[PDB]
file protein.cif (mmCIF, C-alpha atoms and all ligand atoms)
data_target
loop_
_atom_site.label_atom_id
_atom_site.label_comp_id
_atom_site.auth_asym_id
_atom_site.auth_seq_id
_atom_site.Cartn_x
_atom_site.Cartn_y
_atom_site.Cartn_z
CA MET A 1 9.52 43.24 167.05
CA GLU A 2 10.83 41.60 170.29
CA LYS A 3 10.49 37.83 170.32
CA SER A 4 6.87 36.75 170.37
CA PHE A 5 6.22 33.88 172.71
CA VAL A 6 3.86 32.55 175.32
CA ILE A 7 4.43 30.01 178.07
CA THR A 8 1.62 27.72 179.20
CA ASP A 9 1.16 25.59 182.31
CA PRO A 10 -0.01 22.07 181.35
CA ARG A 11 -0.48 21.32 185.09
CA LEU A 12 -3.53 23.64 184.99
CA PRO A 13 -6.73 23.05 183.06
CA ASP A 14 -6.42 23.32 179.25
CA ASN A 15 -2.88 24.71 179.20
CA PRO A 16 -3.44 28.38 180.13
CA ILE A 17 -0.99 31.08 179.17
CA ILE A 18 0.98 32.08 182.29
CA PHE A 19 3.41 34.47 180.52
CA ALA A 20 3.10 36.48 177.30
CA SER A 21 6.07 38.39 175.94
CA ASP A 22 6.05 42.03 174.93
CA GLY A 23 6.61 40.84 171.35
CA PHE A 24 3.43 38.69 171.54
CA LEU A 25 1.44 41.73 172.76
CA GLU A 26 2.78 43.76 169.85
CA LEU A 27 2.15 41.07 167.22
CA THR A 28 -1.34 40.17 168.38
CA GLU A 29 -2.53 43.61 169.58
CA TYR A 30 -3.88 42.15 172.85
CA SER A 31 -2.98 43.50 176.25
CA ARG A 32 -1.32 41.24 178.76
CA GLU A 33 -4.46 41.36 180.98
CA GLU A 34 -6.58 40.01 178.02
CA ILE A 35 -4.20 37.10 177.43
CA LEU A 36 -3.22 35.68 180.80
CA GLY A 37 -5.10 32.48 181.62
CA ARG A 38 -6.42 31.62 178.27
CA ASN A 39 -5.52 28.92 175.80
CA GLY A 40 -3.40 29.86 172.73
CA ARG A 41 -6.21 28.78 170.37
CA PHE A 42 -7.86 32.20 170.88
CA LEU A 43 -5.73 33.47 167.96
CA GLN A 44 -7.42 31.12 165.51
CA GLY A 45 -10.41 32.03 163.38
CA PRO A 46 -12.38 31.13 160.29
CA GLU A 47 -9.46 30.71 157.82
CA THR A 48 -7.36 28.58 160.23
CA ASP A 49 -6.80 25.10 158.81
CA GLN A 50 -8.37 22.68 161.29
CA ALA A 51 -6.08 19.89 160.05
CA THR A 52 -3.09 21.95 161.26
CA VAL A 53 -4.84 22.54 164.59
CA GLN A 54 -5.23 18.77 164.97
CA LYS A 55 -1.47 18.29 164.39
CA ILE A 56 -0.87 20.71 167.25
CA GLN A 57 -3.33 18.91 169.50
CA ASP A 58 -1.55 15.58 168.85
CA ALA A 59 1.89 17.13 169.51
CA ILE A 60 0.64 18.47 172.87
CA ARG A 61 -0.85 15.08 173.76
CA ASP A 62 2.44 13.33 172.91
CA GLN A 63 4.49 16.12 174.55
CA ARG A 64 6.54 16.49 171.34
CA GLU A 65 7.90 19.58 169.70
CA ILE A 66 6.30 20.71 166.45
CA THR A 67 6.43 23.58 164.01
CA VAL A 68 3.36 24.44 161.90
CA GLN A 69 2.34 27.42 159.79
CA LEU A 70 -1.28 28.55 160.33
CA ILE A 71 -3.53 31.59 159.97
CA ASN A 72 -4.10 33.59 163.13
CA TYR A 73 -5.89 36.90 163.79
CA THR A 74 -4.98 40.04 165.70
CA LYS A 75 -7.41 41.67 168.15
CA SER A 76 -8.60 43.98 165.33
CA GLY A 77 -9.25 40.99 163.06
CA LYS A 78 -6.15 41.26 160.83
CA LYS A 79 -5.03 37.87 159.51
CA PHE A 80 -1.39 36.85 159.73
CA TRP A 81 0.47 33.68 158.92
CA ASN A 82 2.05 32.30 162.11
CA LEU A 83 4.99 29.94 161.93
CA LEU A 84 4.41 28.52 165.39
CA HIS A 85 7.21 26.54 167.10
CA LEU A 86 5.94 24.63 170.14
CA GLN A 87 8.35 22.98 172.54
CA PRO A 88 7.65 20.98 175.68
CA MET A 89 9.81 22.10 178.66
CA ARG A 90 10.69 19.39 181.22
CA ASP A 91 12.21 19.92 184.61
CA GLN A 92 15.31 18.15 186.05
CA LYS A 93 12.90 15.43 187.42
CA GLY A 94 11.88 14.60 183.77
CA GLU A 95 8.38 15.97 184.34
CA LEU A 96 6.59 18.23 181.87
CA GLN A 97 6.56 21.72 183.36
CA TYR A 98 5.65 24.05 180.49
CA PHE A 99 5.06 24.49 176.89
CA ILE A 100 6.57 27.45 175.08
CA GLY A 101 5.19 28.63 171.76
CA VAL A 102 7.25 31.05 169.64
CA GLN A 103 5.45 32.90 166.89
CA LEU A 104 7.12 34.18 163.72
CA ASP A 105 4.77 36.31 161.53
CA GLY A 106 5.03 35.68 157.80
CA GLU A 107 3.96 33.44 154.93
CA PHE A 108 7.30 31.63 155.03
CA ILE A 109 6.04 28.60 153.12
CA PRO A 110 3.75 29.74 150.27
CA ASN A 111 0.15 28.75 150.90
CA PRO A 112 -0.05 26.77 147.55
CA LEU A 113 2.77 24.50 148.86
CA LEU A 114 1.51 24.29 152.43
CA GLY A 115 -1.77 22.87 151.12
CA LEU A 116 0.50 20.14 149.85
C1 LIG A 201 2.76 27.28 174.39
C2 LIG A 201 1.63 27.28 173.40
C3 LIG A 201 1.49 28.33 172.51
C4 LIG A 201 0.50 28.28 171.50
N1 LIG A 201 0.47 29.33 170.63
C5 LIG A 201 -0.46 29.28 169.68
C6 LIG A 201 -0.47 30.31 168.68
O1 LIG A 201 0.35 31.24 168.60
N2 LIG A 201 -1.47 30.20 167.73
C7 LIG A 201 -2.39 29.17 167.68
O2 LIG A 201 -3.20 29.16 166.74
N3 LIG A 201 -2.33 28.15 168.56
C8 LIG A 201 -1.40 28.21 169.52
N4 LIG A 201 -1.32 27.17 170.41
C9 LIG A 201 -2.13 25.98 170.13
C10 LIG A 201 -3.43 25.89 170.86
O3 LIG A 201 -3.23 26.38 172.21
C11 LIG A 201 -3.90 24.43 170.89
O4 LIG A 201 -2.93 23.58 171.45
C12 LIG A 201 -4.30 23.91 169.51
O5 LIG A 201 -5.30 24.76 168.94
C13 LIG A 201 -4.69 22.44 169.54
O6 LIG A 201 -5.65 22.11 170.60
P1 LIG A 201 -7.29 22.26 170.36
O7 LIG A 201 -7.73 21.32 169.25
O8 LIG A 201 -7.86 21.86 171.71
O9 LIG A 201 -7.55 23.72 170.03
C14 LIG A 201 -0.36 27.19 171.43
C15 LIG A 201 -0.23 26.15 172.32
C16 LIG A 201 0.76 26.15 173.29
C17 LIG A 201 0.87 24.98 174.22
CL CL A 202 -3.13 23.25 174.49
CO CO A 203 11.54 41.59 165.54
MG MG A 204 -10.76 24.21 167.77
#
call {"tool": "encode", "arguments": {"input": "protein.cif", "output": "structure tokens", "more": "lines below"}}
Ligand SMILES: Cc1cc2nc3c(=O)[nH]c(=O)nc-3n(C[C@H](O)[C@H](O)[C@H](O)COP(=O)(O)O)c2cc1C
Ligand SMILES: [Cl-]
Ligand SMILES: [Co+2]
Ligand SMILES: [Mg+2]
result
Amino acid sequence: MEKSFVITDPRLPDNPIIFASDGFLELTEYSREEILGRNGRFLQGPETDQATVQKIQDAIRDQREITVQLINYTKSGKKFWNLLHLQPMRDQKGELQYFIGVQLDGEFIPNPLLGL
């Protein structure tokens, strides 16, 4: 598929998605009109490890890059493992301007090892 990614605007409330790539539409099954303006957490669901979600929340707070592997769900409810790479984007003034999150679909690290 084409690269899956979204770009959020942390200068707006709760880091809304302001751009979603064609690859993200394909991976997630959502239309661009269903995605724009919401927070990336909408892909989570019952099996998502809340401890991983907290690591993401702390990375966003600290404006630090992180990679995690977590369960996400397509529009039709299909589970997928998401190796999610989040990167803060700063402008030439040193100010946070975006986050970008790149999704790679696959159980890259086996779940028995992820669990620790
Ligand atoms: C650019 C960007 C992309 C994100 N993409 C995803 C994603 O693909 N899947 C997901 O589960 N969370 C994704 N998130 C994480 C959530 O948006 C959120 O930061 C996380 O769930 C932690 O915050 P919370 O505890 O308030 O939900 C993304 C966040 C950012 C900033
Ligand atoms: Cl966020
Ligand atoms: Co591809
Ligand atoms: Mg939550």
call {"tool": "closest_atom_pairs", "arguments": {"input": "protein.cif", "of": "chain A", "to": "ligand MG 204 (chain A)", "cutoff": "9 Å", "atoms": "only C-alpha atoms and all ligand atoms", "output": "Markdown table"}}
result
| residue | atom | partner | partner_atom | distance |
| --- | --- | --- | --- | --- |
| A:41 | CA | A:MG204 | MG | 7.0 |
| A:44 | CA | A:MG204 | MG | 8.0 |
| A:45 | CA | A:MG204 | MG | 9.0 |
| A:50 | CA | A:MG204 | MG | 7.1 |
| A:53 | CA | A:MG204 | MG | 6.9 |
| A:54 | CA | A:MG204 | MG | 8.2 |
call {"tool": "closest_residue", "arguments": {"input": "protein.cif", "among": "A:25, A:36, A:84, A:59", "to": "ligand CL 202 (chain A)", "atoms": "only C-alpha atoms and all ligand atoms"}}
result
A:59
call {"tool": "closest_atom_pairs", "arguments": {"input": "protein.cif", "of": "chain A", "to": "ligand CO 203 (chain A)", "cutoff": "12 Å", "atoms": "all atoms listed in the file", "output": "JSON lines"}}
result
{"residue": "A:1", "atom": "CA", "partner": "A:CO203", "partner_atom": "CO", "distance": 3.0}
{"residue": "A:2", "atom": "CA", "partner": "A:CO203", "partner_atom": "CO", "distance": 4.8}
{"residue": "A:3", "atom": "CA", "partner": "A:CO203", "partner_atom": "CO", "distance": 6.2}
{"residue": "A:4", "atom": "CA", "partner": "A:CO203", "partner_atom": "CO", "distance": 8.3}
{"residue": "A:5", "atom": "CA", "partner": "A:CO203", "partner_atom": "CO", "distance": 11.8}
{"residue": "A:22", "atom": "CA", "partner": "A:CO203", "partner_atom": "CO", "distance": 10.9}
{"residue": "A:23", "atom": "CA", "partner": "A:CO203", "partner_atom": "CO", "distance": 7.7}
{"residue": "A:24", "atom": "CA", "partner": "A:CO203", "partner_atom": "CO", "distance": 10.5}
{"residue": "A:26", "atom": "CA", "partner": "A:CO203", "partner_atom": "CO", "distance": 10.0}
{"residue": "A:27", "atom": "CA", "partner": "A:CO203", "partner_atom": "CO", "distance": 9.6}
{"residue": "A:103", "atom": "CA", "partner": "A:CO203", "partner_atom": "CO", "distance": 10.7}
{"residue": "A:104", "atom": "CA", "partner": "A:CO203", "partner_atom": "CO", "distance": 8.8}
{"residue": "A:105", "atom": "CA", "partner": "A:CO203", "partner_atom": "CO", "distance": 9.5}
{"residue": "A:106", "atom": "CA", "partner": "A:CO203", "partner_atom": "CO", "distance": 11.7}
call {"tool": "closest_atom_pairs", "arguments": {"input": "protein.cif", "of": "chain A", "to": "ligand CL 202 (chain A)", "cutoff": "7 Å", "atoms": "only C-alpha atoms and all ligand atoms", "output": "CSV"}}
result
residue,atom,partner,partner_atom,distance
A:14,CA,A:CL202,CL,5.8
A:15,CA,A:CL202,CL,4.9
A:39,CA,A:CL202,CL,6.3
A:40,CA,A:CL202,CL,6.8
A:57,CA,A:CL202,CL,6.6
A:60,CA,A:CL202,CL,6.3
call {"tool": "residues_near_point", "arguments": {"input": "protein.cif", "point": "(3.0, 26.9, 162.9)", "cutoff": "10 Å", "atoms": "only C-alpha atoms", "output": "count of residues only"}}
result
22
call {"tool": "decode", "arguments": {"input": "protein.cif", "residues": "segment 50-86 of chain A", "atoms": "N, CA, C and O atoms", "output": "mmCIF file, in the first residue's frame"}}
result
data_model
loop_
_atom_site.group_PDB
_atom_site.id
_atom_site.type_symbol
_atom_site.label_atom_id
_atom_site.label_comp_id
_atom_site.auth_asym_id
_atom_site.auth_seq_id
_atom_site.Cartn_x
_atom_site.Cartn_y
_atom_site.Cartn_z
ATOM 1 N N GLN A 50 -3.531 -0.583 27.072
ATOM 2 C CA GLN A 50 -3.574 0.768 27.617
ATOM 3 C C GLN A 50 -2.220 1.178 28.147
ATOM 4 O O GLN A 50 -1.935 2.397 28.237
ATOM 5 N N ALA A 51 -1.344 0.264 28.518
ATOM 6 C CA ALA A 51 0.002 0.684 28.935
ATOM 7 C C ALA A 51 0.770 1.245 27.755
ATOM 8 O O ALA A 51 1.558 2.187 27.905
ATOM 9 N N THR A 52 0.572 0.707 26.566
ATOM 10 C CA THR A 52 1.217 1.262 25.353
ATOM 11 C C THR A 52 0.669 2.624 25.036
ATOM 12 O O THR A 52 1.407 3.535 24.684
ATOM 13 N N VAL A 53 -0.651 2.781 25.172
ATOM 14 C CA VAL A 53 -1.302 4.087 24.947
ATOM 15 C C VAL A 53 -0.687 5.114 25.887
ATOM 16 O O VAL A 53 -0.400 6.246 25.484
ATOM 17 N N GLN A 54 -0.446 4.769 27.139
ATOM 18 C CA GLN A 54 0.140 5.728 28.073
ATOM 19 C C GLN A 54 1.553 6.129 27.643
ATOM 20 O O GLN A 54 1.941 7.298 27.834
ATOM 21 N N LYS A 55 2.352 5.198 27.120
ATOM 22 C CA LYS A 55 3.665 5.554 26.575
ATOM 23 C C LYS A 55 3.541 6.566 25.469
ATOM 24 O O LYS A 55 4.356 7.506 25.403
ATOM 25 N N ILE A 56 2.539 6.433 24.617
ATOM 26 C CA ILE A 56 2.318 7.429 23.558
ATOM 27 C C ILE A 56 1.947 8.779 24.178
ATOM 28 O O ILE A 56 2.535 9.820 23.769
ATOM 29 N N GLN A 57 1.050 8.776 25.130
ATOM 30 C CA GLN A 57 0.626 10.023 25.735
ATOM 31 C C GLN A 57 1.845 10.756 26.325
ATOM 32 O O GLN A 57 1.989 11.999 26.202
ATOM 33 N N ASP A 58 2.736 10.033 26.986
ATOM 34 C CA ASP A 58 3.911 10.661 27.601
ATOM 35 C C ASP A 58 4.862 11.185 26.531
ATOM 36 O O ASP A 58 5.482 12.284 26.714
ATOM 37 N N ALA A 59 5.005 10.489 25.426
ATOM 38 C CA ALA A 59 5.885 10.924 24.335
ATOM 39 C C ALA A 59 5.327 12.235 23.765
ATOM 40 O O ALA A 59 6.098 13.157 23.429
ATOM 41 N N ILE A 60 4.018 12.308 23.585
ATOM 42 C CA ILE A 60 3.408 13.544 23.049
ATOM 43 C C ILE A 60 3.634 14.668 24.033
ATOM 44 O O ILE A 60 3.993 15.775 23.617
ATOM 45 N N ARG A 61 3.413 14.439 25.303
ATOM 46 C CA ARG A 61 3.619 15.473 26.330
ATOM 47 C C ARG A 61 5.043 16.047 26.256
ATOM 48 O O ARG A 61 5.254 17.267 26.289
ATOM 49 N N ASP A 62 5.989 15.127 26.178
ATOM 50 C CA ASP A 62 7.432 15.455 26.172
ATOM 51 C C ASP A 62 7.954 15.843 24.789
ATOM 52 O O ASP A 62 9.095 16.250 24.644
ATOM 53 N N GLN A 63 7.058 15.820 23.789
ATOM 54 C CA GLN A 63 7.407 16.135 22.403
ATOM 55 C C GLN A 63 8.615 15.350 21.973
ATOM 56 O O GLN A 63 9.611 15.878 21.444
ATOM 57 N N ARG A 64 8.575 14.025 22.204
ATOM 58 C CA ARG A 64 9.682 13.110 21.850
ATOM 59 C C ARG A 64 9.174 12.058 20.892
ATOM 60 O O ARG A 64 8.034 11.626 20.979
ATOM 61 N N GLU A 65 10.060 11.657 20.007
ATOM 62 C CA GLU A 65 9.681 10.573 19.077
ATOM 63 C C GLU A 65 9.571 9.256 19.850
ATOM 64 O O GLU A 65 10.223 9.046 20.867
ATOM 65 N N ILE A 66 8.704 8.399 19.345
ATOM 66 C CA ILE A 66 8.524 7.057 19.904
ATOM 67 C C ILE A 66 8.079 6.108 18.802
ATOM 68 O O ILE A 66 7.362 6.536 17.905
ATOM 69 N N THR A 67 8.400 4.848 18.955
ATOM 70 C CA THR A 67 7.784 3.785 18.175
ATOM 71 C C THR A 67 7.173 2.784 19.145
ATOM 72 O O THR A 67 7.849 2.355 20.084
ATOM 73 N N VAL A 68 5.936 2.407 18.926
ATOM 74 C CA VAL A 68 5.267 1.349 19.708
ATOM 75 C C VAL A 68 4.577 0.433 18.745
ATOM 76 O O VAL A 68 4.315 0.783 17.606
ATOM 77 N N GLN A 69 4.237 -0.774 19.212
ATOM 78 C CA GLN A 69 3.423 -1.712 18.444
ATOM 79 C C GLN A 69 2.148 -1.935 19.217
ATOM 80 O O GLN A 69 2.240 -2.364 20.380
ATOM 81 N N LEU A 70 0.978 -1.674 18.623
ATOM 82 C CA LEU A 70 -0.300 -1.792 19.349
ATOM 83 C C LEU A 70 -1.376 -2.268 18.414
ATOM 84 O O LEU A 70 -1.313 -2.072 17.207
ATOM 85 N N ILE A 71 -2.416 -2.840 19.002
ATOM 86 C CA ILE A 71 -3.602 -3.302 18.231
ATOM 87 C C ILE A 71 -4.474 -2.108 17.865
ATOM 88 O O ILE A 71 -4.821 -1.297 18.740
ATOM 89 N N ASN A 72 -4.825 -2.014 16.601
ATOM 90 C CA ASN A 72 -5.791 -1.059 16.105
ATOM 91 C C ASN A 72 -6.841 -1.836 15.299
ATOM 92 O O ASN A 72 -6.737 -3.029 15.067
ATOM 93 N N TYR A 73 -7.872 -1.094 14.893
ATOM 94 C CA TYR A 73 -9.070 -1.673 14.257
ATOM 95 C C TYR A 73 -9.407 -0.869 12.993
ATOM 96 O O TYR A 73 -9.384 0.376 13.006
ATOM 97 N N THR A 74 -9.729 -1.568 11.927
ATOM 98 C CA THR A 74 -10.287 -0.929 10.751
ATOM 99 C C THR A 74 -11.741 -0.524 10.971
ATOM 100 O O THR A 74 -12.367 -0.922 11.970
ATOM 101 N N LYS A 75 -12.280 0.259 10.053
ATOM 102 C CA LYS A 75 -13.694 0.677 10.115
ATOM 103 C C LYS A 75 -14.621 -0.519 10.270
ATOM 104 O O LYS A 75 -15.652 -0.361 10.918
ATOM 105 N N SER A 76 -14.322 -1.614 9.596
ATOM 106 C CA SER A 76 -15.180 -2.825 9.657
ATOM 107 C C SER A 76 -14.839 -3.699 10.831
ATOM 108 O O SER A 76 -15.367 -4.824 10.918
ATOM 109 N N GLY A 77 -13.989 -3.241 11.733
ATOM 110 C CA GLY A 77 -13.735 -3.954 12.994
ATOM 111 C C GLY A 77 -12.640 -4.980 12.907
ATOM 112 O O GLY A 77 -12.495 -5.739 13.867
ATOM 113 N N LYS A 78 -11.844 -5.001 11.850
ATOM 114 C CA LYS A 78 -10.761 -5.976 11.695
ATOM 115 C C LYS A 78 -9.576 -5.469 12.536
ATOM 116 O O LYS A 78 -9.145 -4.338 12.408
ATOM 117 N N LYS A 79 -9.029 -6.332 13.364
ATOM 118 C CA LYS A 79 -7.842 -5.980 14.142
ATOM 119 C C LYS A 79 -6.590 -6.052 13.284
ATOM 120 O O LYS A 79 -6.457 -6.956 12.437
ATOM 121 N N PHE A 80 -5.681 -5.153 13.536
ATOM 122 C CA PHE A 80 -4.337 -5.227 12.939
ATOM 123 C C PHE A 80 -3.359 -4.746 13.972
ATOM 124 O O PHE A 80 -3.625 -3.838 14.750
ATOM 125 N N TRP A 81 -2.169 -5.319 13.925
ATOM 126 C CA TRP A 81 -1.033 -4.789 14.674
ATOM 127 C C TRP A 81 -0.457 -3.603 13.903
ATOM 128 O O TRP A 81 -0.221 -3.710 12.706
ATOM 129 N N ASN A 82 -0.249 -2.527 14.609
ATOM 130 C CA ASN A 82 0.245 -1.240 14.079
ATOM 131 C C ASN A 82 1.560 -0.959 14.742
ATOM 132 O O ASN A 82 1.580 -0.686 15.932
ATOM 133 N N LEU A 83 2.643 -0.996 13.981
ATOM 134 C CA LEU A 83 3.922 -0.435 14.429
ATOM 135 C C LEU A 83 3.874 1.041 14.074
ATOM 136 O O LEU A 83 3.999 1.399 12.897
ATOM 137 N N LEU A 84 3.637 1.839 15.086
ATOM 138 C CA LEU A 84 3.340 3.263 14.961
ATOM 139 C C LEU A 84 4.605 4.018 15.337
ATOM 140 O O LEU A 84 5.131 3.926 16.465
ATOM 141 N N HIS A 85 5.100 4.815 14.381
ATOM 142 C CA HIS A 85 6.274 5.697 14.581
ATOM 143 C C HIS A 85 5.784 7.130 14.641
ATOM 144 O O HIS A 85 5.283 7.636 13.621
ATOM 145 N N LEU A 86 5.882 7.744 15.803
ATOM 146 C CA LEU A 86 5.448 9.139 15.988
ATOM 147 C C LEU A 86 6.672 10.027 16.087
ATOM 148 O O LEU A 86 7.602 9.742 16.856
#
